[PDB]
Amino acid sequence: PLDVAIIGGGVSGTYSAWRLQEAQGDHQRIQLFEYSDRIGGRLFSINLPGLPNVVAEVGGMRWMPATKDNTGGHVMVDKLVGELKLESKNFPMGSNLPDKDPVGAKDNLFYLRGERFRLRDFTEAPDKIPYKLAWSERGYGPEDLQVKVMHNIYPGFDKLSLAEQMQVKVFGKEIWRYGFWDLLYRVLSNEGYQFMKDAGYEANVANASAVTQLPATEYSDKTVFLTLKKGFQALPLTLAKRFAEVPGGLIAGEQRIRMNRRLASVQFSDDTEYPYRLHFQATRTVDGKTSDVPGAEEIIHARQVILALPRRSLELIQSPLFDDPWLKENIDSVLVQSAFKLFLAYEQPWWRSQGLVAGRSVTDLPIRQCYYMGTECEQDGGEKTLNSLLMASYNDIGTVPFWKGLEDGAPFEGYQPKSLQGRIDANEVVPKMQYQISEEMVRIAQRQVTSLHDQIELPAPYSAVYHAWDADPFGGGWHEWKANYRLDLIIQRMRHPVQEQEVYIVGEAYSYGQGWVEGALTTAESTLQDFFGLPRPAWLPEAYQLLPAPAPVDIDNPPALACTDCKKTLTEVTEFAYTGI
Amino acid sequence: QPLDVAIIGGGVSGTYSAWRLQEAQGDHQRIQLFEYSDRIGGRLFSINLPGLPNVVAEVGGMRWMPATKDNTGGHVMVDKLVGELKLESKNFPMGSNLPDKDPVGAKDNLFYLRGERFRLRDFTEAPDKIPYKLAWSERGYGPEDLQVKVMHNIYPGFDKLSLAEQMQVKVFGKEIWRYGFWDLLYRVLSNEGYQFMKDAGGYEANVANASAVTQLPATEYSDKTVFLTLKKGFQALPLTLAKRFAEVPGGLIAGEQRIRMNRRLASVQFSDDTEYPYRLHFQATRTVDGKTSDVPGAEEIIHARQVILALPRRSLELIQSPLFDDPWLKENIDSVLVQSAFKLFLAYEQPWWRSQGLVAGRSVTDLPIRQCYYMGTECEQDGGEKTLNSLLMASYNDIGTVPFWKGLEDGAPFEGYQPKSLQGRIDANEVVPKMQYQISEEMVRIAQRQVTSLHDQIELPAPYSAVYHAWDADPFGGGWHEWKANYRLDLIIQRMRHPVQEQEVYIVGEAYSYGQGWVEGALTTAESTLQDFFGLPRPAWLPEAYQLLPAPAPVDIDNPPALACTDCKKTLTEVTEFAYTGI
Ligand SMILES: Cc1cc2nc3c(=O)[nH]c(=O)nc-3n(C[C@H](O)[C@H](O)[C@H](O)COP(=O)(O)OP(=O)(O)OC[C@H]3O[C@@H](n4cnc5c(N)ncnc54)[C@H](O)[C@@H]3O)c2cc1C
Ligand SMILES: Cc1cc2nc3c(=O)[nH]c(=O)nc-3n(C[C@H](O)[C@H](O)[C@H](O)COP(=O)(O)OP(=O)(O)OC[C@H]3O[C@@H](n4cnc5c(N)ncnc54)[C@H](O)[C@@H]3O)c2cc1C
């Protein structure tokens, strides 16, 4: 049988397991179940040929470290990597060249409405921006314009607590009853509305609750970001290994994890002890592509279930539990957004020849978002080769676009790099992913990159990797709270969605840090404390609030928000306006 | 007693299906139509907003292309049954008839893209005003005109080829149907000229990446193209059918039991009756003010010889049956992209647009309304009221989800205001119709706000009535269907009439027709099934000239014989003169 049946080989599920077994594994039977042959889930890191030291993270890349106060930042991720003694690098968003005056990303590229400019042109030469925006909006970068909108709406939102940010109202409605665009088109011009869009991930928020998506002003090159050296996927992997490595235990390391298992159902049994018939199902991973194996059955019993799952995953499992109208109505509370990623690998970082180093360039061409990821010979004690990496698609948007189109015709073989002419074969240069990139896609993707960089012919790529997250079991890669949904409360309850039942969900989807690993961890850690009873770890400060304090249930006519330092705020809000004037 | 046939779904497809049958093989077999709701007509919906009793606000279907004199072209099926069932037809105007001397048509209709205002004429009159970086070659063509330049640029005459030949036309070493629509255009157009067409042309945010073989000869929507909507509203046809069905004298079953509404099919099952291998387990469904929800009661089971499913994609997807397990039918129900449809109507006591030299047609914008249509004025209608009450239709965007027309569906409801023209004739609680969806005090205010801007106005007269509707809800989960790419529509158009042969189940609907988003598409699919699989003949009102469905190319599109071109001496000549227009 089973006491604790964790379902999810993600940061959530890998974290859930480690903590418990490394605590009460000797006193409890704990088994993590995964649907693929890979631990990591939406975390995924691959080194490509020629680039042993340039990690192509198909999943999560960066986290925001903790502060001194250890109240701000992605504390859980910075400190967990702490205890797990995994290595960190500064995930670079701009140029540190020159070091007299780093041009950050100021000199990074922009290519909208068939006109090229820079991030510095926004402020330095707003005539160059080809958006007929209003006079009040002219002279702000888009990241700076978001903050204008916020304060316009209310000064200080950012510094409010979710509890308070829920009582905040705009033009009559609470702000969380506004989609992110049903707001923008009321406080911005349509030429500001269309603008921000084109120049965010078109998706951006697809009308995500405005209380979450408004203070999204940490995309700056001014904020810090750290990446795992061995790839982000090394955290959930290292979480799995240490799970089995627990000396001692009612179950043995070897039989502690169970891969290629798709939990198809959670039927209710009489067995008081284990009242959950967990109908799993065998699968097979053939070059990442996971597909069912017949035979049916595999009915393990459990006392407690932990679903380290996203929404679709929870959609797909059949239970009567889900027929509980709260869970039925609030499973919908979030929004699957499909994410798309395309890496291209050159013997050359040709971008360095045109001022660009790291960060991102944006365009109205289907590639939308090119990133500059690094060169091998640069990477600390790496191989001595100018082989460098370009994550030229970040584009995420639902439905059938141009990325979910050209992924057919003929596959891409590439070419063998000099470096690898005495080391690897041309049948392995382009790796074997769940999604095999085409000759076609790469040709066009190259054609687009070249236009973005205002060149005529760029050095061709040898290796590349397409991926996508529009496929079950994920539906999408990121989740975003819908409008008219009390995210404040759902964050608290989704952990124990029905009281009577010992069924638990934990993930980035039903967390405050949505589209972050910090989200998945927090939900996990908060739930192990408030329910499973595990005490707060040593590496996790007393300070760091895991999940934010909600508002009340009655916000029908709340007591007003008593401002404190209104002074500083308005002082600031004005001073901010002179940076566009 | 059991049923020989069960035409499930009361769409224009279903209603046509049961009619002809009973008409012919109805004394010969037990025919019964099954409806989900309190209303026949399906997507075809025709409400008369109060004060506008003669200005039909077709929420669903509206118009149809008249038949040509050779009868091989035009919505032939629709335009001959509109005569046969004898239904009143008026012109659907896309342009202004005034001035009688030199009719401007849609030329003067408005455009507001990228915060700059122009008209359809300003394309061919003064491109200088288009605020798009269209390359030299492309500068000087209207959205319609451009699509045709591209088409031609591909295989000159693509519009002239039968589906068979079209499918075989490759472009840049790929089958045209392997490309989507945009995927193609983002290789023939400048990325502005791409964006530009995505902001104006035909529908709206729609024009989704769909098989190029369907969406490239989609230029029909011009201001030279004639079009007609039924006087009584398009819902008239699939009701006169629904009536006429139960009105056939010769029948085993009387008219009172023939049309069984408020019956939603949940399971098609293989029974034991070797004569009725179809145990249909229905469920009771109640309709209060457009919102039909289930009555848990009891799953009523009726035995059927065959079930002619007149359902679109979700509607089908919603039945639990081992029949959908058939590997073909599993992977060929995803042959079509579901795309939602929204729509707002606003009623005014003055057609303020006339004051601004716009009559009928549409106007395009980078604002969320995206589109807007001027319908008509009650008293302009033939023997209408003596009111200046008029109708503006809109919210005709068309996109996946969470857009900006679903972002204002909540708040408080719009009650409107008793016009002077409906004083003591109807009450301010009854001015704004109660529909499935109730347009909010908020959605009206924003819509109007936006409409104002579109028309470069300071303030417009507030509307008195307003209805919002959507087709993003099951049992449809989408307005109209568009063929995906790397699919063989030609074949599926044939084999969706009978997905499984051994089994006597037939699916009919525009959802898998050539006329997708057209009433023709649903009539055609039904008729060509009645004829082939129910041996019903060509009726008197249908010419033999009109080929119902298009020629399926061979399965061997591997390296077939090359299409011997025709009057190039003509073709290439029309292709070259067509490029002198834009210069
Ligand atoms: C493009 C992209 C970029 C990102 N970048 C960042 C970033 O820079 N920084 C950051 O912090 N975060 C980032 N994220 C977010 C991060 O990758 C995820 O949110 C996180 O990995 C989710 O962890 P989880 O355990 O909650 O869920 P998952 O990792 O999705 O865990 C679900 C697991 O359960 C398995 N499963 C599903 N169904 C079943 C079933 N029926 N039975 C058994 N197992 C099942 C899945 O295969 C998977 O292993 C990014 C995400 C994307 C898509
Ligand atoms: C916004 C819009 C505008 C359009 N404009 C035009 C136009 O201008 N001109 C034109 O020619 N065409 C137009 N069309 C197309 C037109 O609506 C279609 O041709 C037609 O309505 C579809 O007929 P159908 O038989 O395929 O299915 P539908 O008409 O969609 O009928 C489906 C029926 O199935 C029923 N049903 C669903 N589930 C069940 C169940 N479980 N059991 C039983 N019954 C069930 C539904 O209640 C419904 O009655 C438009 C469509 C839309 C969405």
# chains A, B, ... in the order shown; residues from 1 in each chain; ligands from 1

call {"tool": "closest_atom_pairs", "arguments": {"of": "chain A", "to": "ligand 1", "cutoff": "6 Å", "atoms": "only C-alpha atoms and all ligand atoms", "output": "CSV"}}
result
residue,atom,partner,partner_atom_place_in_ligand_line,distance
A:7,CA,ligand 1,43 (C),5.1
A:8,CA,ligand 1,34 (O),3.3
A:9,CA,ligand 1,49 (O),3.8
A:10,CA,ligand 1,25 (O),3.3
A:11,CA,ligand 1,25 (O),4.0
A:12,CA,ligand 1,25 (O),3.5
A:13,CA,ligand 1,25 (O),5.4
A:33,CA,ligand 1,43 (C),5.3
A:34,CA,ligand 1,44 (N),4.0
A:35,CA,ligand 1,44 (N),4.3
A:36,CA,ligand 1,47 (O),5.7
A:40,CA,ligand 1,29 (O),5.7
A:41,CA,ligand 1,49 (O),3.5
A:42,CA,ligand 1,21 (O),4.0
A:43,CA,ligand 1,21 (O),4.2
A:59,CA,ligand 1,2 (C),4.7
A:60,CA,ligand 1,6 (C),3.2
A:61,CA,ligand 1,8 (O),3.9
A:62,CA,ligand 1,8 (O),4.1
A:63,CA,ligand 1,11 (O),5.1
A:261,CA,ligand 1,43 (C),5.7
A:262,CA,ligand 1,42 (N),3.8
A:263,CA,ligand 1,42 (N),4.0
A:264,CA,ligand 1,41 (N),5.8
A:308,CA,ligand 1,25 (O),5.0
A:309,CA,ligand 1,32 (C),4.3
A:310,CA,ligand 1,30 (O),5.6
A:313,CA,ligand 1,38 (N),4.5
A:317,CA,ligand 1,41 (N),6.0
A:339,CA,ligand 1,1 (C),5.5
A:473,CA,ligand 1,37 (C),5.3
A:477,CA,ligand 1,53 (C),3.5
A:478,CA,ligand 1,53 (C),5.4
A:507,CA,ligand 1,26 (O),3.2
A:508,CA,ligand 1,26 (O),4.6
A:515,CA,ligand 1,15 (C),4.4
A:516,CA,ligand 1,12 (N),3.4
A:517,CA,ligand 1,11 (O),3.7
A:518,CA,ligand 1,11 (O),5.7
A:520,CA,ligand 1,26 (O),4.2

call {"tool": "residues_around", "arguments": {"residues": "region 365-377 of chain B", "least_positions_apart": "4", "cutoff": "6 Å", "atoms": "only C-alpha atoms", "output": "VMD selection string"}}
result
chain B and resid 111 to 113 360 to 361 388 to 396

call {"tool": "interface_residues", "arguments": {"of": "chain A", "to": "chain B", "cutoff": "8 Å", "atoms": "only C-alpha atoms", "output": "list in words"}}
result
residues 113, 114, 131, 132, 178, 179, 181, 182, 190, 191, 194, 206, 207, 364, 365, 398, 399, 400, 401, 402, 405, 406, 409 and 483 of chain A

call {"tool": "write_last_selection", "arguments": {"atoms": "N, CA and C atoms", "output": "CSV table (one decimal), in the first residue's frame"}}
result
chain,number,residue,atom,x,y,z
A,113,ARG,N,6.8,47.5,-36.7
A,113,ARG,CA,6.2,48.4,-37.7
A,113,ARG,C,7.2,48.8,-38.7
A,114,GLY,N,7.9,47.8,-39.3
A,114,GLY,CA,9.0,48.0,-40.3
A,114,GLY,C,9.8,49.2,-40.0
A,131,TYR,N,5.1,54.4,-33.3
A,131,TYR,CA,3.8,54.3,-32.7
A,131,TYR,C,3.2,55.7,-32.5
A,132,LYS,N,2.1,56.0,-33.1
A,132,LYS,CA,1.4,57.3,-33.0
A,132,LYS,C,0.8,57.5,-31.6
A,178,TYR,N,-10.6,43.3,-13.6
A,178,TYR,CA,-10.1,43.8,-14.9
A,178,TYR,C,-9.1,42.8,-15.5
A,179,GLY,N,-9.3,42.5,-16.8
A,179,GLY,CA,-8.2,41.7,-17.5
A,179,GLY,C,-7.1,42.7,-17.7
A,181,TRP,N,-5.9,43.8,-20.2
A,181,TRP,CA,-6.0,44.7,-21.4
A,181,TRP,C,-7.3,45.4,-21.3
A,182,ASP,N,-8.3,44.9,-20.6
A,182,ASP,CA,-9.6,45.6,-20.4
A,182,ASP,C,-9.3,46.7,-19.5
A,190,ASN,N,-4.9,53.8,-27.9
A,190,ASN,CA,-5.0,52.6,-28.6
A,190,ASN,C,-3.6,52.3,-29.2
A,191,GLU,N,-2.9,53.4,-29.5
A,191,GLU,CA,-1.5,53.4,-30.1
A,191,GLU,C,-0.5,53.2,-28.9
A,194,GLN,N,-1.8,49.0,-28.4
A,194,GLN,CA,-1.2,48.2,-29.5
A,194,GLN,C,0.3,48.1,-29.2
A,206,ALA,N,-2.6,37.9,-22.0
A,206,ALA,CA,-3.9,37.5,-22.5
A,206,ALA,C,-5.0,37.8,-21.5
A,207,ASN,N,-5.0,39.0,-21.0
A,207,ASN,CA,-6.1,39.3,-20.0
A,207,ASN,C,-6.0,38.6,-18.7
A,364,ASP,N,8.1,42.6,-34.8
A,364,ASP,CA,6.7,42.2,-35.3
A,364,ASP,C,6.8,41.0,-36.3
A,365,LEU,N,8.0,40.5,-36.5
A,365,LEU,CA,8.3,39.2,-37.2
A,365,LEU,C,7.9,38.1,-36.3
A,398,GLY,N,-1.4,31.2,-27.4
A,398,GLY,CA,-2.2,30.0,-27.7
A,398,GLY,C,-2.6,29.8,-29.1
A,399,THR,N,-3.2,28.6,-29.4
A,399,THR,CA,-3.7,28.3,-30.8
A,399,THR,C,-2.6,27.9,-31.8
A,400,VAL,N,-3.0,28.1,-33.1
A,400,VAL,CA,-2.1,27.7,-34.2
A,400,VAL,C,-1.4,28.9,-34.8
A,401,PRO,N,-0.2,29.2,-34.4
A,401,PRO,CA,0.5,30.4,-35.0
A,401,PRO,C,1.4,30.1,-36.2
A,402,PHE,N,2.6,30.6,-36.2
A,402,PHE,CA,3.6,30.3,-37.3
A,402,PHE,C,4.6,29.4,-36.7
A,405,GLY,N,3.4,25.6,-36.9
A,405,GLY,CA,3.0,25.4,-38.2
A,405,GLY,C,4.1,24.7,-39.1
A,406,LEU,N,5.3,25.4,-39.2
A,406,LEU,CA,6.3,24.9,-40.0
A,406,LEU,C,7.1,23.7,-39.4
A,409,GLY,N,7.5,18.8,-42.9
A,409,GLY,CA,8.2,18.8,-44.2
A,409,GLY,C,9.3,17.8,-44.3
A,483,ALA,N,-9.2,37.1,-14.6
A,483,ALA,CA,-10.0,38.2,-14.0
A,483,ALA,C,-11.3,37.7,-13.3

call {"tool": "residues_around", "arguments": {"residues": "residue 378 (chain B)", "least_positions_apart": "5", "cutoff": "6 Å", "atoms": "only C-alpha atoms", "output": "list in words"}}
result
residues 52, 54, 55, 384, 385, 389 and 390 of chain B

call {"tool": "closest_residue", "arguments": {"among": "B:305, B:231, B:152, B:43", "to": "residue 504 (chain B)", "atoms": "only C-alpha atoms"}}
result
B:305

call {"tool": "closest_residue", "arguments": {"among": "B:422, B:522, B:489, B:110", "to": "ligand 2", "atoms": "only C-alpha atoms and all ligand atoms"}}
result
B:522

call {"tool": "select_by_dssp", "arguments": {"residues": "region 334-441 of chain B", "states": "strand (DSSP E)", "output": "PyMOL selection string"}}
result
chain B and resi 336-339+342-348+361-365+371-377+390-394

call {"tool": "residues_around", "arguments": {"residues": "residue 76 (chain B)", "least_positions_apart": "5", "cutoff": "10 Å", "atoms": "only C-alpha atoms", "output": "MDAnalysis selection string"}}
result
chainID B and resid 64:68 71 81 520 523:524 541:543 545:548

call {"tool": "write_last_selection", "arguments": {"atoms": "N, CA, C and O atoms", "output": "PDB file, in the first residue's frame"}}
result
ATOM      1  N   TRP B  64     -26.436  35.312 -48.218  1.00  0.00           N
ATOM      2  CA  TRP B  64     -26.080  34.242 -49.140  1.00  0.00           C
ATOM      3  C   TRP B  64     -25.788  34.772 -50.539  1.00  0.00           C
ATOM      4  O   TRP B  64     -26.481  35.654 -51.028  1.00  0.00           O
ATOM      5  N   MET B  65     -24.758  34.236 -51.178  1.00  0.00           N
ATOM      6  CA  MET B  65     -24.389  34.666 -52.553  1.00  0.00           C
ATOM      7  C   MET B  65     -25.459  34.155 -53.516  1.00  0.00           C
ATOM      8  O   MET B  65     -25.825  32.984 -53.449  1.00  0.00           O
ATOM      9  N   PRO B  66     -26.019  34.995 -54.420  1.00  0.00           N
ATOM     10  CA  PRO B  66     -27.030  34.527 -55.366  1.00  0.00           C
ATOM     11  C   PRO B  66     -26.388  33.532 -56.340  1.00  0.00           C
ATOM     12  O   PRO B  66     -25.176  33.603 -56.514  1.00  0.00           O
ATOM     13  N   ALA B  67     -27.189  32.640 -56.932  1.00  0.00           N
ATOM     14  CA  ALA B  67     -26.724  31.648 -57.930  1.00  0.00           C
ATOM     15  C   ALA B  67     -26.405  32.373 -59.242  1.00  0.00           C
ATOM     16  O   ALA B  67     -27.078  33.377 -59.542  1.00  0.00           O
ATOM     17  N   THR B  68     -25.392  31.895 -59.969  1.00  0.00           N
ATOM     18  CA  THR B  68     -25.024  32.351 -61.334  1.00  0.00           C
ATOM     19  C   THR B  68     -26.029  31.768 -62.335  1.00  0.00           C
ATOM     20  O   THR B  68     -26.841  30.917 -61.920  1.00  0.00           O
ATOM     21  N   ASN B  71     -25.275  28.286 -62.949  1.00  0.00           N
ATOM     22  CA  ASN B  71     -25.794  27.626 -61.713  1.00  0.00           C
ATOM     23  C   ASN B  71     -24.725  26.735 -61.065  1.00  0.00           C
ATOM     24  O   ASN B  71     -25.035  26.165 -60.000  1.00  0.00           O
ATOM     25  N   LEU B  81     -34.050  26.910 -52.751  1.00  0.00           N
ATOM     26  CA  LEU B  81     -34.981  26.478 -51.665  1.00  0.00           C
ATOM     27  C   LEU B  81     -35.703  27.702 -51.085  1.00  0.00           C
ATOM     28  O   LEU B  81     -36.848  27.543 -50.602  1.00  0.00           O
ATOM     29  N   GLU B 520     -24.817  27.234 -47.313  1.00  0.00           N
ATOM     30  CA  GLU B 520     -24.599  26.344 -48.488  1.00  0.00           C
ATOM     31  C   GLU B 520     -23.871  25.072 -48.037  1.00  0.00           C
ATOM     32  O   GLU B 520     -24.326  23.972 -48.414  1.00  0.00           O
ATOM     33  N   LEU B 523     -26.277  22.573 -46.223  1.00  0.00           N
ATOM     34  CA  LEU B 523     -27.258  22.046 -47.213  1.00  0.00           C
ATOM     35  C   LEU B 523     -26.558  21.022 -48.106  1.00  0.00           C
ATOM     36  O   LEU B 523     -27.059  19.890 -48.222  1.00  0.00           O
ATOM     37  N   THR B 524     -25.441  21.420 -48.713  1.00  0.00           N
ATOM     38  CA  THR B 524     -24.661  20.580 -49.654  1.00  0.00           C
ATOM     39  C   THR B 524     -24.324  19.245 -48.984  1.00  0.00           C
ATOM     40  O   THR B 524     -24.648  18.205 -49.589  1.00  0.00           O
ATOM     41  N   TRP B 541     -36.044  21.677 -57.951  1.00  0.00           N
ATOM     42  CA  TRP B 541     -35.619  23.064 -57.607  1.00  0.00           C
ATOM     43  C   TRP B 541     -34.091  23.208 -57.677  1.00  0.00           C
ATOM     44  O   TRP B 541     -33.617  24.361 -57.766  1.00  0.00           O
ATOM     45  N   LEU B 542     -33.358  22.088 -57.636  1.00  0.00           N
ATOM     46  CA  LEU B 542     -31.874  22.020 -57.740  1.00  0.00           C
ATOM     47  C   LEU B 542     -31.502  21.689 -59.180  1.00  0.00           C
ATOM     48  O   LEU B 542     -31.985  20.705 -59.728  1.00  0.00           O
ATOM     49  N   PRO B 543     -30.651  22.488 -59.854  1.00  0.00           N
ATOM     50  CA  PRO B 543     -30.133  22.101 -61.163  1.00  0.00           C
ATOM     51  C   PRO B 543     -29.100  20.979 -60.993  1.00  0.00           C
ATOM     52  O   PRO B 543     -28.541  20.870 -59.914  1.00  0.00           O
ATOM     53  N   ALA B 545     -26.583  20.985 -63.007  1.00  0.00           N
ATOM     54  CA  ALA B 545     -25.436  21.868 -63.316  1.00  0.00           C
ATOM     55  C   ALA B 545     -24.577  22.070 -62.061  1.00  0.00           C
ATOM     56  O   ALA B 545     -23.360  21.798 -62.132  1.00  0.00           O
ATOM     57  N   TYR B 546     -25.184  22.518 -60.956  1.00  0.00           N
ATOM     58  CA  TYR B 546     -24.484  22.726 -59.659  1.00  0.00           C
ATOM     59  C   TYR B 546     -23.980  21.369 -59.149  1.00  0.00           C
ATOM     60  O   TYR B 546     -24.775  20.543 -58.668  1.00  0.00           O
ATOM     61  N   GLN B 547     -22.680  21.134 -59.293  1.00  0.00           N
ATOM     62  CA  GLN B 547     -21.979  20.041 -58.580  1.00  0.00           C
ATOM     63  C   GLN B 547     -22.075  20.385 -57.090  1.00  0.00           C
ATOM     64  O   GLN B 547     -21.630  21.492 -56.718  1.00  0.00           O
ATOM     65  N   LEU B 548     -22.694  19.510 -56.293  1.00  0.00           N
ATOM     66  CA  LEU B 548     -22.951  19.753 -54.847  1.00  0.00           C
ATOM     67  C   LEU B 548     -21.615  19.907 -54.116  1.00  0.00           C
ATOM     68  O   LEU B 548     -21.408  20.954 -53.478  1.00  0.00           O
TER      69      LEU B 548
END

call {"tool": "residues_around", "arguments": {"residues": "region 21-33 of chain B", "least_positions_apart": "6", "cutoff": "7 Å", "atoms": "only C-alpha atoms", "output": "JSON, numbers by chain"}}
result
{"B": [3, 4, 5, 6, 7, 8, 10, 245, 248, 250, 251, 252, 253, 258, 259, 260]}

call {"tool": "select_by_dssp", "arguments": {"residues": "region 447-574 of chain A", "states": "helix (DSSP H, G or I)", "output": "ChimeraX atom specification"}}
result
/A:447-452,487-493,517-532,566-574
